[PDB]
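Text of structure-v1.cif, listed as mmCIF, N, CA and C atoms and all ligand atoms:
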```
data_input
#
loop_
_atom_site.group_PDB
_atom_site.id
_atom_site.type_symbol
_atom_site.label_atom_id
_atom_site.label_comp_id
_atom_site.auth_asym_id
_atom_site.auth_seq_id
_atom_site.Cartn_x
_atom_site.Cartn_y
_atom_site.Cartn_z
ATOM 1 N N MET M 1 110.931 73.964 130.419
ATOM 2 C CA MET M 1 110.141 73.134 129.496
ATOM 3 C C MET M 1 109.015 73.941 128.874
ATOM 4 N N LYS M 2 109.150 74.227 127.579
ATOM 5 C CA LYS M 2 108.382 73.604 126.492
ATOM 6 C C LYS M 2 109.450 72.907 125.634
ATOM 7 N N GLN M 3 109.247 72.599 124.354
ATOM 8 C CA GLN M 3 108.257 73.142 123.437
ATOM 9 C C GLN M 3 108.394 74.669 123.374
ATOM 10 N N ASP M 4 107.305 75.419 123.402
ATOM 11 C CA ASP M 4 107.074 76.593 122.590
ATOM 12 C C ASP M 4 105.894 77.297 123.256
ATOM 13 N N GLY M 5 105.397 78.346 122.621
ATOM 14 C CA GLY M 5 103.989 78.678 122.653
ATOM 15 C C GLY M 5 103.582 78.835 121.197
ATOM 16 N N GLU M 6 102.788 79.866 120.918
ATOM 17 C CA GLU M 6 102.713 80.520 119.621
ATOM 18 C C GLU M 6 102.780 79.588 118.398
ATOM 19 N N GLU M 7 103.685 79.864 117.464
ATOM 20 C CA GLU M 7 103.351 80.336 116.130
ATOM 21 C C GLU M 7 104.507 81.247 115.710
ATOM 22 N N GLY M 8 105.249 80.906 114.657
ATOM 23 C CA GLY M 8 106.097 81.905 114.029
ATOM 24 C C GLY M 8 105.190 82.874 113.283
ATOM 25 N N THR M 9 104.709 83.901 113.986
ATOM 26 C CA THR M 9 103.826 84.930 113.464
ATOM 27 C C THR M 9 104.348 86.276 113.926
ATOM 28 N N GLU M 10 104.938 87.070 113.037
ATOM 29 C CA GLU M 10 105.120 86.933 111.597
ATOM 30 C C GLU M 10 103.784 86.908 110.859
ATOM 31 N N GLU M 11 103.850 86.752 109.542
ATOM 32 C CA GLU M 11 103.025 87.528 108.638
ATOM 33 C C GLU M 11 102.819 86.754 107.347
ATOM 34 N N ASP M 12 102.320 87.448 106.325
ATOM 35 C CA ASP M 12 101.759 86.915 105.108
ATOM 36 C C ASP M 12 100.394 86.290 105.372
ATOM 37 N N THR M 13 99.379 87.101 105.118
ATOM 38 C CA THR M 13 98.053 86.639 104.745
ATOM 39 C C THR M 13 97.691 87.507 103.542
ATOM 40 N N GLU M 14 98.635 87.508 102.606
ATOM 41 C CA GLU M 14 98.880 88.550 101.631
ATOM 42 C C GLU M 14 99.270 87.909 100.304
ATOM 43 N N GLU M 15 100.327 87.089 100.279
ATOM 44 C CA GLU M 15 100.769 86.437 99.061
ATOM 45 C C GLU M 15 100.949 84.946 99.326
ATOM 46 N N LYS M 16 99.810 84.258 99.412
ATOM 47 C CA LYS M 16 99.752 82.811 99.521
ATOM 48 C C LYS M 16 99.102 82.274 98.255
ATOM 49 N N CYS M 17 99.727 81.252 97.681
ATOM 50 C CA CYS M 17 99.209 80.457 96.588
ATOM 51 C C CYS M 17 97.852 79.912 97.020
ATOM 52 N N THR M 18 96.753 80.390 96.432
ATOM 53 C CA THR M 18 95.438 79.885 96.809
ATOM 54 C C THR M 18 95.259 78.421 96.412
ATOM 55 N N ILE M 19 96.099 77.902 95.512
ATOM 56 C CA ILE M 19 96.014 76.542 95.025
ATOM 57 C C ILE M 19 96.619 75.605 96.073
ATOM 58 N N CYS M 20 97.842 75.897 96.536
ATOM 59 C CA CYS M 20 98.457 75.137 97.622
ATOM 60 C C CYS M 20 97.849 75.537 98.970
ATOM 61 N N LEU M 21 97.074 76.626 99.015
ATOM 62 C CA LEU M 21 96.677 77.317 100.235
ATOM 63 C C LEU M 21 97.874 77.487 101.167
ATOM 64 N N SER M 22 99.001 77.929 100.607
ATOM 65 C CA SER M 22 100.261 78.019 101.328
ATOM 66 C C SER M 22 100.945 79.332 100.982
ATOM 67 N N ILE M 23 101.776 79.812 101.903
ATOM 68 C CA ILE M 23 102.539 81.038 101.808
ATOM 69 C C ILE M 23 103.518 80.927 100.637
ATOM 70 N N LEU M 24 103.873 82.061 100.036
ATOM 71 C CA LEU M 24 104.984 82.183 99.112
ATOM 72 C C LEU M 24 106.157 82.861 99.816
ATOM 73 N N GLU M 25 107.257 83.093 99.114
ATOM 74 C CA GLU M 25 108.326 83.930 99.655
ATOM 75 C C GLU M 25 108.830 84.947 98.632
ATOM 76 N N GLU M 26 109.585 85.935 99.113
ATOM 77 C CA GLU M 26 110.038 87.039 98.288
ATOM 78 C C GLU M 26 111.043 86.541 97.250
ATOM 79 N N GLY M 27 110.614 86.474 95.989
ATOM 80 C CA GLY M 27 111.476 86.084 94.882
ATOM 81 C C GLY M 27 111.318 84.612 94.516
ATOM 82 N N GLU M 28 110.308 83.932 95.062
ATOM 83 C CA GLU M 28 109.984 82.570 94.687
ATOM 84 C C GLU M 28 109.475 82.538 93.244
ATOM 85 N N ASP M 29 109.437 81.349 92.655
ATOM 86 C CA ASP M 29 108.822 81.138 91.357
ATOM 87 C C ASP M 29 107.320 81.361 91.488
ATOM 88 N N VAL M 30 106.827 82.461 90.928
ATOM 89 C CA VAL M 30 105.442 82.867 91.037
ATOM 90 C C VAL M 30 104.963 83.298 89.662
ATOM 91 N N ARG M 31 103.699 83.694 89.581
ATOM 92 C CA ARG M 31 103.060 84.175 88.377
ATOM 93 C C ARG M 31 101.990 85.164 88.810
ATOM 94 N N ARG M 32 101.561 86.025 87.890
ATOM 95 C CA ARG M 32 100.457 86.948 88.090
ATOM 96 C C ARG M 32 99.431 86.620 87.017
ATOM 97 N N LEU M 33 98.148 86.711 87.365
ATOM 98 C CA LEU M 33 97.026 86.443 86.486
ATOM 99 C C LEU M 33 96.137 87.679 86.449
ATOM 100 N N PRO M 34 95.367 87.879 85.368
ATOM 101 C CA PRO M 34 94.759 89.165 85.065
ATOM 102 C C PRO M 34 93.706 89.547 86.099
ATOM 103 N N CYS M 35 92.992 88.574 86.680
ATOM 104 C CA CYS M 35 92.298 88.820 87.935
ATOM 105 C C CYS M 35 93.326 88.623 89.055
ATOM 106 N N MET M 36 94.271 89.567 89.087
ATOM 107 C CA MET M 36 95.077 90.105 90.163
ATOM 108 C C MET M 36 95.180 89.155 91.326
ATOM 109 N N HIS M 37 95.739 87.991 91.032
ATOM 110 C CA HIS M 37 96.185 87.101 92.069
ATOM 111 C C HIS M 37 97.573 86.606 91.694
ATOM 112 N N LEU M 38 98.299 86.084 92.678
ATOM 113 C CA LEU M 38 99.714 85.793 92.566
ATOM 114 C C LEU M 38 99.923 84.416 93.165
ATOM 115 N N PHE M 39 100.294 83.458 92.322
ATOM 116 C CA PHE M 39 100.376 82.047 92.681
ATOM 117 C C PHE M 39 101.780 81.533 92.383
ATOM 118 N N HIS M 40 102.146 80.350 92.895
ATOM 119 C CA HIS M 40 103.375 79.705 92.439
ATOM 120 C C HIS M 40 103.274 79.476 90.939
ATOM 121 N N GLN M 41 104.404 79.561 90.242
ATOM 122 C CA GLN M 41 104.463 79.285 88.819
ATOM 123 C C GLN M 41 104.023 77.844 88.539
ATOM 124 N N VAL M 42 104.541 76.885 89.312
ATOM 125 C CA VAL M 42 104.209 75.470 89.165
ATOM 126 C C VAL M 42 102.706 75.248 89.357
ATOM 127 N N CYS M 43 102.152 75.683 90.491
ATOM 128 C CA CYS M 43 100.759 75.411 90.808
ATOM 129 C C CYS M 43 99.861 75.983 89.714
ATOM 130 N N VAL M 44 100.121 77.218 89.282
ATOM 131 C CA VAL M 44 99.239 77.848 88.329
ATOM 132 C C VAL M 44 99.448 77.330 86.910
ATOM 133 N N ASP M 45 100.575 76.691 86.599
ATOM 134 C CA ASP M 45 100.672 75.939 85.351
ATOM 135 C C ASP M 45 99.550 74.907 85.340
ATOM 136 N N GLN M 46 99.523 74.047 86.356
ATOM 137 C CA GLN M 46 98.507 73.011 86.458
ATOM 138 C C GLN M 46 97.106 73.604 86.550
ATOM 139 N N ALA M 47 96.953 74.760 87.183
ATOM 140 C CA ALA M 47 95.666 75.421 87.229
ATOM 141 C C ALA M 47 95.199 75.762 85.816
ATOM 142 N N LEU M 48 96.015 76.511 85.075
ATOM 143 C CA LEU M 48 95.714 76.990 83.736
ATOM 144 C C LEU M 48 95.380 75.812 82.830
ATOM 145 N N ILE M 49 96.294 74.848 82.706
ATOM 146 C CA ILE M 49 96.095 73.688 81.847
ATOM 147 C C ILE M 49 94.843 72.906 82.248
ATOM 148 N N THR M 50 94.434 72.950 83.521
ATOM 149 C CA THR M 50 93.179 72.332 83.899
ATOM 150 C C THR M 50 92.011 73.148 83.336
ATOM 151 N N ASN M 51 91.949 74.455 83.611
ATOM 152 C CA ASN M 51 90.917 75.353 83.102
ATOM 153 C C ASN M 51 91.436 76.791 83.235
ATOM 154 N N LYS M 52 91.499 77.557 82.142
ATOM 155 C CA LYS M 52 92.080 78.903 82.150
ATOM 156 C C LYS M 52 91.142 79.913 82.798
ATOM 157 N N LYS M 53 91.117 79.969 84.126
ATOM 158 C CA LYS M 53 90.451 81.039 84.850
ATOM 159 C C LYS M 53 91.041 81.100 86.246
ATOM 160 N N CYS M 54 91.069 82.297 86.825
ATOM 161 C CA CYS M 54 91.404 82.492 88.220
ATOM 162 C C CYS M 54 90.347 81.677 88.977
ATOM 163 N N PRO M 55 90.721 80.708 89.823
ATOM 164 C CA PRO M 55 89.787 79.688 90.276
ATOM 165 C C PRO M 55 88.676 80.301 91.124
ATOM 166 N N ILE M 56 89.046 81.163 92.071
ATOM 167 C CA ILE M 56 88.086 81.893 92.884
ATOM 168 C C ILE M 56 87.318 82.892 92.017
ATOM 169 N N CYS M 57 88.015 83.631 91.150
ATOM 170 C CA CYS M 57 87.441 84.830 90.553
ATOM 171 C C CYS M 57 86.554 84.500 89.348
ATOM 172 N N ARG M 58 86.714 83.316 88.753
ATOM 173 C CA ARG M 58 86.015 82.845 87.556
ATOM 174 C C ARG M 58 86.469 83.520 86.253
ATOM 175 N N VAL M 59 87.066 84.713 86.306
ATOM 176 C CA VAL M 59 87.546 85.438 85.132
ATOM 177 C C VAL M 59 88.604 84.599 84.413
ATOM 178 N N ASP M 60 88.596 84.625 83.080
ATOM 179 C CA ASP M 60 89.576 83.922 82.258
ATOM 180 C C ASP M 60 90.960 84.554 82.450
ATOM 181 N N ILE M 61 92.031 83.811 82.170
ATOM 182 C CA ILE M 61 93.397 84.280 82.328
ATOM 183 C C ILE M 61 94.276 84.149 81.088
ATOM 184 N N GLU M 62 93.822 83.434 80.059
ATOM 185 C CA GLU M 62 94.508 83.302 78.775
ATOM 186 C C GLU M 62 94.759 84.685 78.156
ATOM 187 N N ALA M 63 95.873 85.304 78.540
ATOM 188 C CA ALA M 63 96.100 86.711 78.296
ATOM 189 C C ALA M 63 96.567 86.939 76.863
ATOM 190 N N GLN M 64 95.658 87.423 76.016
ATOM 191 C CA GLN M 64 95.963 87.942 74.687
ATOM 192 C C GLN M 64 96.784 86.947 73.858
ATOM 193 N N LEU M 65 96.270 85.727 73.720
ATOM 194 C CA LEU M 65 96.764 84.746 72.766
ATOM 195 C C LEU M 65 95.501 84.135 72.154
ATOM 196 N N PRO M 66 95.400 83.969 70.826
ATOM 197 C CA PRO M 66 96.468 83.927 69.829
ATOM 198 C C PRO M 66 97.085 82.532 69.662
ATOM 199 N N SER M 67 96.746 81.557 70.512
ATOM 200 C CA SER M 67 97.215 80.180 70.387
ATOM 201 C C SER M 67 96.193 79.253 71.054
ATOM 202 N N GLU M 68 96.642 78.170 71.695
ATOM 203 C CA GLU M 68 95.804 77.128 72.266
ATOM 204 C C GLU M 68 96.386 76.734 73.625
ATOM 205 N N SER M 69 95.711 75.821 74.325
ATOM 206 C CA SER M 69 96.047 75.401 75.672
ATOM 207 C C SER M 69 94.803 74.737 76.249
HETATM 208 ZN ZN ZN B 101 101.288 76.714 95.099
HETATM 209 ZN ZN ZN B 102 92.026 86.591 90.547
#
```

Using C-alpha cells, write down the structure that the file contains.
Amino acid sequence: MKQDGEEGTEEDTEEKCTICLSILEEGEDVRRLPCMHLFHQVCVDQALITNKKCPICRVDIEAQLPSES
C-alpha cells in the first residue's frame, strides 16, 4: 500500500505558459513574444487581444505591424 510517494518529477520549470501557470510539451501549439517568453498559442491570443505586452515583462509584443488589434 500506497498510493505513491513523490511527484512525476521529471522536469520543466523551463517552458510553462505563465498565463495558465502550466507546463507545455514538445511541439504543442505555442508562440514566442519579443520579450523572450514562450506561451500556448491559445492563451497568448487572449493575452495579446487583452493588452499587447508580455504580462510580466511589460514590454510591448505587437511585432512590426502595421495594422490594429
Ligand atoms: Zn496556457
Ligand atoms: Zn517576456

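Residues of protein, DNA or RNA having any atom at most 7 Å from ligand ZN 102 (chain B), counting only C-alpha atoms and all ligand atoms, are residues 33, 34, 35, 36, 37, 54, 56 and 57 of chain M.
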
Set out as JSON lines a contact list for chain M and ligand ZN 101 (chain B) with a cut-off of 8 Å, giving each residue of chain M that qualifies its closest atom pair and distance in Å to one decimal, counting only N, CA and C atoms and all ligand atoms, ordered by chain and rising residue number.
```
{"residue": "M:16", "atom": "C", "partner": "B:ZN101", "partner_atom": "ZN", "distance": 6.8}
{"residue": "M:17", "atom": "CA", "partner": "B:ZN101", "partner_atom": "ZN", "distance": 4.5}
{"residue": "M:18", "atom": "N", "partner": "B:ZN101", "partner_atom": "ZN", "distance": 6.0}
{"residue": "M:19", "atom": "C", "partner": "B:ZN101", "partner_atom": "ZN", "distance": 4.9}
{"residue": "M:20", "atom": "N", "partner": "B:ZN101", "partner_atom": "ZN", "distance": 3.8}
{"residue": "M:21", "atom": "N", "partner": "B:ZN101", "partner_atom": "ZN", "distance": 5.8}
{"residue": "M:22", "atom": "N", "partner": "B:ZN101", "partner_atom": "ZN", "distance": 6.1}
{"residue": "M:23", "atom": "C", "partner": "B:ZN101", "partner_atom": "ZN", "distance": 7.3}
{"residue": "M:24", "atom": "N", "partner": "B:ZN101", "partner_atom": "ZN", "distance": 7.7}
{"residue": "M:39", "atom": "C", "partner": "B:ZN101", "partner_atom": "ZN", "distance": 5.6}
{"residue": "M:40", "atom": "N", "partner": "B:ZN101", "partner_atom": "ZN", "distance": 4.3}
{"residue": "M:41", "atom": "N", "partner": "B:ZN101", "partner_atom": "ZN", "distance": 6.4}
{"residue": "M:42", "atom": "C", "partner": "B:ZN101", "partner_atom": "ZN", "distance": 6.1}
{"residue": "M:43", "atom": "CA", "partner": "B:ZN101", "partner_atom": "ZN", "distance": 4.5}
{"residue": "M:44", "atom": "N", "partner": "B:ZN101", "partner_atom": "ZN", "distance": 6.0}
```

Written selection (N, CA and C atoms) as a PDB file, in the frame of the given file:
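The result, written out as result_36.pdb:
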```
ATOM      1  N   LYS M  16      99.810  84.258  99.412  1.00  0.00           N
ATOM      2  CA  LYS M  16      99.752  82.811  99.521  1.00  0.00           C
ATOM      3  C   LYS M  16      99.102  82.274  98.255  1.00  0.00           C
ATOM      4  N   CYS M  17      99.727  81.252  97.681  1.00  0.00           N
ATOM      5  CA  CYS M  17      99.209  80.457  96.588  1.00  0.00           C
ATOM      6  C   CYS M  17      97.852  79.912  97.020  1.00  0.00           C
ATOM      7  N   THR M  18      96.753  80.390  96.432  1.00  0.00           N
ATOM      8  CA  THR M  18      95.438  79.885  96.809  1.00  0.00           C
ATOM      9  C   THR M  18      95.259  78.421  96.412  1.00  0.00           C
ATOM     10  N   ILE M  19      96.099  77.902  95.512  1.00  0.00           N
ATOM     11  CA  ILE M  19      96.014  76.542  95.025  1.00  0.00           C
ATOM     12  C   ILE M  19      96.619  75.605  96.073  1.00  0.00           C
ATOM     13  N   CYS M  20      97.842  75.897  96.536  1.00  0.00           N
ATOM     14  CA  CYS M  20      98.457  75.137  97.622  1.00  0.00           C
ATOM     15  C   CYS M  20      97.849  75.537  98.970  1.00  0.00           C
ATOM     16  N   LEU M  21      97.074  76.626  99.015  1.00  0.00           N
ATOM     17  CA  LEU M  21      96.677  77.317 100.235  1.00  0.00           C
ATOM     18  C   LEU M  21      97.874  77.487 101.167  1.00  0.00           C
ATOM     19  N   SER M  22      99.001  77.929 100.607  1.00  0.00           N
ATOM     20  CA  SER M  22     100.261  78.019 101.328  1.00  0.00           C
ATOM     21  C   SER M  22     100.945  79.332 100.982  1.00  0.00           C
ATOM     22  N   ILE M  23     101.776  79.812 101.903  1.00  0.00           N
ATOM     23  CA  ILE M  23     102.539  81.038 101.808  1.00  0.00           C
ATOM     24  C   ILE M  23     103.518  80.927 100.637  1.00  0.00           C
ATOM     25  N   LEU M  24     103.873  82.061 100.036  1.00  0.00           N
ATOM     26  CA  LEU M  24     104.984  82.183  99.112  1.00  0.00           C
ATOM     27  C   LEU M  24     106.157  82.861  99.816  1.00  0.00           C
ATOM     28  N   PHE M  39     100.294  83.458  92.322  1.00  0.00           N
ATOM     29  CA  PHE M  39     100.376  82.047  92.681  1.00  0.00           C
ATOM     30  C   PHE M  39     101.780  81.533  92.383  1.00  0.00           C
ATOM     31  N   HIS M  40     102.146  80.350  92.895  1.00  0.00           N
ATOM     32  CA  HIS M  40     103.375  79.705  92.439  1.00  0.00           C
ATOM     33  C   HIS M  40     103.274  79.476  90.939  1.00  0.00           C
ATOM     34  N   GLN M  41     104.404  79.561  90.242  1.00  0.00           N
ATOM     35  CA  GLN M  41     104.463  79.285  88.819  1.00  0.00           C
ATOM     36  C   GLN M  41     104.023  77.844  88.539  1.00  0.00           C
ATOM     37  N   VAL M  42     104.541  76.885  89.312  1.00  0.00           N
ATOM     38  CA  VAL M  42     104.209  75.470  89.165  1.00  0.00           C
ATOM     39  C   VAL M  42     102.706  75.248  89.357  1.00  0.00           C
ATOM     40  N   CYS M  43     102.152  75.683  90.491  1.00  0.00           N
ATOM     41  CA  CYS M  43     100.759  75.411  90.808  1.00  0.00           C
ATOM     42  C   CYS M  43      99.861  75.983  89.714  1.00  0.00           C
ATOM     43  N   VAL M  44     100.121  77.218  89.282  1.00  0.00           N
ATOM     44  CA  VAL M  44      99.239  77.848  88.329  1.00  0.00           C
ATOM     45  C   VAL M  44      99.448  77.330  86.910  1.00  0.00           C
TER      46      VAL M  44
END
```

Exercise for review: From chain M, collect each residue whose DSSP state is alpha helix (DSSP H) and return the set as a PyMOL selection string.
Suggested key: chain M and resi 41-50

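Across chain M, DSSP run on the backbone finds strand (DSSP E) at residues 16, 17, 22, 23, 30, 31, 32, 33, 37, 38, 39 and 40 of chain M.
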
Point to revise | Selected residue, from M:26, M:58, M:3, M:69, that lies nearest to residue 45 in chain M when counting only C-alpha atoms | key: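 Of M:26, M:58, M:3, M:69, the one nearest residue 45 in chain M, counting only C-alpha atoms, is M:69.
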
Exercise for review: Grab the CA of residue 66 in chain M to atom C of residue 28 in chain M distance for me, in Å with one decimal place.
Suggested key: 26.8 Å
